[PDB]
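Beneath this line is the structure, given in structure tokens, with notes to follow.
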Amino acid sequence: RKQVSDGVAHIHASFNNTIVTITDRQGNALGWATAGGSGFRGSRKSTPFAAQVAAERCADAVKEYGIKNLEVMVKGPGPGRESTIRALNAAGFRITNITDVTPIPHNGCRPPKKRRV
Amino acid sequence: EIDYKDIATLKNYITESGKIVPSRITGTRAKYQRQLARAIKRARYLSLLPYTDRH
Amino acid sequence: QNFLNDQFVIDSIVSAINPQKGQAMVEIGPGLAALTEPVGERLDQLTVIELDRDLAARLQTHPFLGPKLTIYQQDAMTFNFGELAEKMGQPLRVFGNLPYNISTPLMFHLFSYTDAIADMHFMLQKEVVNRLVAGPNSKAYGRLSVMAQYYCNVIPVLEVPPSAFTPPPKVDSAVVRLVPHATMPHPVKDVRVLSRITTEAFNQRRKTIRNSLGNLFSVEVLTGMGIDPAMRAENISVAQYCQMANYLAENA
Amino acid sequence: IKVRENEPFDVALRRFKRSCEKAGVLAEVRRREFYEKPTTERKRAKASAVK
Amino acid sequence: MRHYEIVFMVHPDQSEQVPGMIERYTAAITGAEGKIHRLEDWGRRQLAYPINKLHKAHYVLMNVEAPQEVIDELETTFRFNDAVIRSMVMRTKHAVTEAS
Amino acid sequence: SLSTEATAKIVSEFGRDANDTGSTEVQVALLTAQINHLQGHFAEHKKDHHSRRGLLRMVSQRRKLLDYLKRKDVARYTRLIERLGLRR
RNA sequence: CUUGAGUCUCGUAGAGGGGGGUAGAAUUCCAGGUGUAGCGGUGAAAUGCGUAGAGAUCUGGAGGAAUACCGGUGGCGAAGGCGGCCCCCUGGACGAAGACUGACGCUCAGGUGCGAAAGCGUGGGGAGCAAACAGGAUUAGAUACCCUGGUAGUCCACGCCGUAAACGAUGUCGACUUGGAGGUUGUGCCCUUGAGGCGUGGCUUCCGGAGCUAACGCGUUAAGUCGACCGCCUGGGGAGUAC
RNA sequence: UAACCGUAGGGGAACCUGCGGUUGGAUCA
């Protein structure tokens with residue numbers, strides 16, 4: 012019941028899952044979505060056409076205000092960097108600026124050895 | 019080229035990410051490529067030029 | 017899984033065990049009866065513990081072994097040996113080709129029954145046998161040496177190459193004999209404490225006991241006992257470890 | 003990476019910045035590092051670029 | 001002696017001190033058997049990034065020639081001076097004059 | 001390395017003539033300087049080995065020259081080792 | 001005596017070394033705001049973290065390690081190795097007009113010194129990563145690979161240890177011997193009118209001729225033709241072990 | 001689970017794991 016009018020939307024695009032939260036201008040949570048919470052779980056998610064149905068769920072929780080326009084914050088790779096923005100363009104929302112906020116360091120921390128099969 | 023104040027002749031050797039353009043798509047005699055990059059680095063401290071772009 | 021198949025090796029183990037009529041013998045993992053057959057030939061009765069139902073069924077139909085065998089189709093890890101000793105009416109002579117996987121927990125399981133076991137003859141990884149028997153001041157000496165030697169006289173028998181098994185294991189094997197002490201040379205009030213001291217000492221074996229056992233014994237206490245605080249876990253005798261266990265029991 | 007356009011439309015322009023960073027210098031990190039594995043495979047893959 | 005080139009950026013809301021700061025430094029250099037063959041006031045201007053907060057600072061150049069000794073004295077008065085946000089001074093590379 | 005006002009200086013002190021930057025008497029002496037001067041440098045840092053390699057170079061290189069003088073004019077040797085306070 | 005070797009002058013390029021500063025991106029953590037039932041992970045899963053409010057998101061703060069792009073078939077170093085920007089101390093290499101010394105040189109058992117990483121001692125530090133260790137999973141078993149954690153260690157100082165497939169698996173120095181395409185750096189010259197064109201040195205890639213080679217292949221940076229000095233080999237196992 | 005060398009720790013046993021180097025690694029990584 013605040014009517015933020017316009018607020019950026021973060022798209023935490025990951026591999027094992029993807030989640031988009033339609034925060035406000037300053038950066039306050041107004042409504043978040045989630046593939047894991049979008050019916051199918053396990054790992055069936057991930058896929059782009061699976062995240063789209065997730066972020067689209069926001070237009071059902073963050074619609075209580077009246078977002079007439081909003082930007083997009085895509086972070087991290089994975090099947091949900093495009094899908095999300097698309098579903099949002101159809102949901103009825105607008106757009107003000109697309110950008111990738113993926114954490115790209117300068118050889119700072121030393122990543123995990125991991126995987127070796 | 020050997021400087022940083024000549025910020026005018028630098029925005030060309032970068033992009034929307036302020037990243038130092040390769041020498042592949044420049045063929046800047048190499049010897050000059052070295053100098054060209056050195057400027058963009060030190061020049062970024064004087065906030066004359068940007069490091070990243072998101073901030 | 018690794019079935020003993022070499023005839024000469026087999027003979028050598030049977031010779032070492034020396035089963036005599038009237039002894040109550042129990043084999044863990046008879047498998048394809050490599051030892052069961054020749055041991056059983058010397059006895060009137062013999063008990064076996066076999067998890068593989070397929071191989072257990074083949075023992076039962078052996079024309080000479082069958083009539084002699086009591087077969088327990090269960091895991092030896094939680095088998096009540098103390099109760100079996102009561103039924104046989106005498107301490108048990110335990111033997112077997114043990115899977116590397118369960119060998120150490122099984123040995124401790126057996127140790128806990130003290131009196132109920134006359135002796136043990138097991139095939140183990142060669143490096144395990146070396147640790148079991150090791151004395152102070154050597155690489156192989158560790159918590160297992162101390163605990164095993166508290167409970168038993170440790171007697172190396174045979175070293176056995178991979179080619180003796182089908183399929184061959186990846187490492188050398190050895191047979192060891194373990195004999196619970198008739199008279200415990202260094203009795204301990206409470207073994208859990210001995211277990212605790214050795215764990216603490218050997219988890220930091222590259223530190224002096226002053227450092228590794230400092231949470232448990234002051235330097236004054238160590239000095240009073242005749243133990244040098246500059247020594248490391250592996251320099252401390254079985255006797256001294258037991259003296260530390262008793263101190264910690266008589267004083268905490 | 004900074005998009006912005008007048009006349010609402012979901013054209014793209016987005017894969018334009020997708021040529022300098024993006025999922026590349028990302029997966030580059032992802033798992034472990036490299037050390038000797040790169041200086042080598044980086045100097046062998048170079049051989050490839052000849053013909 | 002050895003040439004130089006120091007460009008100090010003083011806090012945006014302390015510009016009025018910039019002119020005074022110059023006289024001190026300059027005077028010292030002259031009183032150090034040195035020379036000053038370059039100078040310019042860039043004033044205030046937007047920054048690439050909010051270096052040390054804000055989004056603007058006062059810029060000034062130099063390109064002296066005084067002996068390293070006396071210039072090493074500058075790093076101190078420069079650090080212990082909240083006015084100046086950032087300090088950056090390169091080496092000689094032969095006398096630089098005009099242009100910029 | 002060394003300053004011109006010094007290198008071109010000393011040369012005019014050991015040279016049996018003028019601008020004889022070749023003369024052993026000269027070159028040799030020119031080496032002691034850069035050596036003694038560096039000793040104060042190596043006193044600090046220490047770990048700086050790659051610089052000492054060059055230090056040792058000029059040292060042995062200097063000796064290679066001293067042996068020569070002894071094998072070309074006995075006098076000049078003992079006549080120069082003093083002006084440089086060498087031998088220690 | 002001057003062409004070997006060296007000195008002087010003046011330039012050039014460089015992640016060569018030692019010290020001290022400093023910047024920006026990211027991680028983790030601490031605090032607070034928004035907001036709400038999931039997050040994380042895998043082939044799946046599970047351990048784990050979540051209603052004591054996570055994850056996400058945003059603001060402020062603390063700290064440590066490493067420096068995207070430039071970055072290359074690149075450069076410097078005796079080797080090992082050496083990448084942000086700045087200053088201070090310092091080594092070597094190369095070119096050019098030249099000027100100077102005058103065989104002062106090459107190699108080098110023993111000797112001295114330098115040595116990746118792991119490891120060791122004392123004292124600091126500790127974000128990420130990660131032997132040990134602990135859970136979860138896989139499996140016939142799984143003291144593993146995989147997953148959730150995680151200690152030494154990795155970082156600093158100072159001292160020790162001296163090994164590596166310390167590899168070009170090819171000792172150092174010098175003289176000769178068809179060619180082709182390229183890289184990097186110096187210099188001379190050319191309507192220097194140009195990106196540019198012609199030479200002449202240093203270092204370096206790839207192809208390849210004669211020759212060499214058991215073959216693979218090496219091929220002016222030779223494993224070709226020669227000369228000086230040094231190290232080394234003499235069947236496999238036992239054994240780089242015992243004493 | 002590419003292998004091997006060094007070094008370290010661990011384990012019935014080959015061997016597993018970490019750190020650095022190597023090609024004496026297959027497939028367009």
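Those sequence lines, one after another, are chains K, R, V, U, F and O. Just so we're aligned: the first sequence equals residues 12 to 128 in the entry's author numbering. Just so we're aligned: the second sequence equals residues 19 to 73 in the entry's author numbering. Just so we're aligned: the third sequence equals residues 17 to 268 in the entry's author numbering. Just so we're aligned: the fourth sequence equals residues 3 to 53 in the entry's author numbering. Just so we're aligned: the fifth sequence equals residues 1 to 100 in the entry's author numbering. Just so we're aligned: the sixth sequence equals residues 1 to 88 in the entry's author numbering. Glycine included, C-beta positions come from ideal geometry on N, C-alpha and C.
Between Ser31 of chain V and the set V:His137, V:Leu148, V:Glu266, the nearest pair of CA atoms involves V:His137.
Taking all protein chains shown into account, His117 of chain K has fewer than 16 neighbouring C-beta atoms within 10 Å of its C-beta and is therefore exposed. For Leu108 of chain V, the uninterrupted beta strand (DSSP E) segment begins and ends at 108 to 113. Not flagged as an interface residue toward chain F: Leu54 of chain R, since no C-beta distance is shorter than 7 Å. At least one beta carbon of chain U lies nearer than 7 Å to the beta carbon of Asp111 of chain K. Measuring C-alpha to C-alpha distances from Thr34 of chain K to each of K:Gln63, K:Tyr76, K:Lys125 identifies K:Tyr76 as the nearest. When DSSP states are grouped into helix, strand and coil, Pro68 of chain R belongs to the coil group. The Cβ atoms of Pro121 of chain V and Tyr167 of chain V do not sit closer than 7 Å to each other. Residues of chain U with a Cβ closer than 7 Å to the Cβ of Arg126 of chain K are, in chain order, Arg33. Minimum Cα-Cα distance from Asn251 of chain V among the listed residues V:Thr224, V:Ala190, V:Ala265 corresponds to V:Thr224. For the stretch 35 to 56 of chain F, residues whose beta-carbon sits nearer than 7 Å to a beta-carbon of chain R comprise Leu47, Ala48, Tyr49, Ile51. The alpha-carbon separation between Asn81 of chain F and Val18 of chain F amounts to approximately 12 Å.
The DSSP assignment places complete alpha helix (DSSP H) segments of no fewer than 4 residues inside the stretch 104 to 172 of chain V at 119 to 127, 142 to 149, 159 to 167, in order along the chain.
The beta carbon of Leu28 of chain R does not come within 7 Å of any beta carbon belonging to chain F, so the residue lies off that interface.
A straight line joining the alpha-carbon of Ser15 of chain F with that of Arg44 of chain F spans about 8 Å.
Note on geometry: alpha-carbon atoms of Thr21 of chain O and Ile35 of chain O lie some 18 Å from one another. Its Cα nearest to that of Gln89 of chain V, the residue V:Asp68 stands out among V:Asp68, V:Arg74, V:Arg109.
Around the beta carbon of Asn113 of chain V, a 10 Å sphere encloses 16 or more other beta carbons of the protein chains shown; the residue is thus reported as buried.
Ranking K:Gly119, K:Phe104, K:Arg126 by CA distance to the CA of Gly18 of chain K puts K:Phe104 first. When C-beta atoms of the stretch 34 to 53 of chain U are compared with those of the stretch 17 to 36 of chain F, fewer than three pairs fall below 8 Å, so the two segments do not count as touching. Between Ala24 of chain K and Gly89 of chain K, the beta carbon gap of about 4 Å places them in contact (Cβ cut-off 8 Å). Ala48 of chain R and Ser41 of chain R have their C-alpha atoms some 7 Å from each other. Taking CB atoms only, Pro59 of chain K has no neighbour in chain U less than 7 Å away.
Proximity of the stretch 63 to 71 of chain R to the stretch 24 to 39 of chain V falls short of the contact definition, fewer than three beta-carbon pairs being nearer than 8 Å. Ranked by how close their Cα comes to the Cα of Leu71 of chain V, the residues V:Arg222, V:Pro46, V:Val187 have V:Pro46 in first place. Counting only runs of at least 3 residues, the stretch 64 to 103 of chain V fully encloses the following beta strand (DSSP E) elements, listed from N- to C-terminal order: 85 to 88.
For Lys23 of chain R, the chain F residues whose C-beta falls within less than 7 Å of its own C-beta are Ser100, listed in chain order. The three-state reading of DSSP puts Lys56 of chain F in strand, counting E and B together. Each residue's CA atom was taken as its position, placing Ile3 of chain U and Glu34 of chain R some 6 Å apart.
DSSP places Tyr31 of chain R outside both helix and strand once states are collapsed to three, so it counts as coil.
Between the stretch 21 to 29 of chain V and the stretch 46 to 56 of chain V there are three or more C-beta pairs closer than 8 Å, enough to call the two in contact. Counting the other Cβ atoms within 10 Å of the Cβ of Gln61 of chain O gives fewer than 16, which makes it exposed.
Assigned with DSSP and collapsed to three states, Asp17 of chain K falls in strand.
Taking each of V:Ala246, V:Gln141, V:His202 in turn and checking the Cα distance to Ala261 of chain V, the smallest one comes out for V:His202. If you check the CB distance, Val27 of chain U and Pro122 of chain K do not come in under 7 Å.
In the DSSP assignment, the residues bridged to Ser189 of chain V are V:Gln141, V:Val176.
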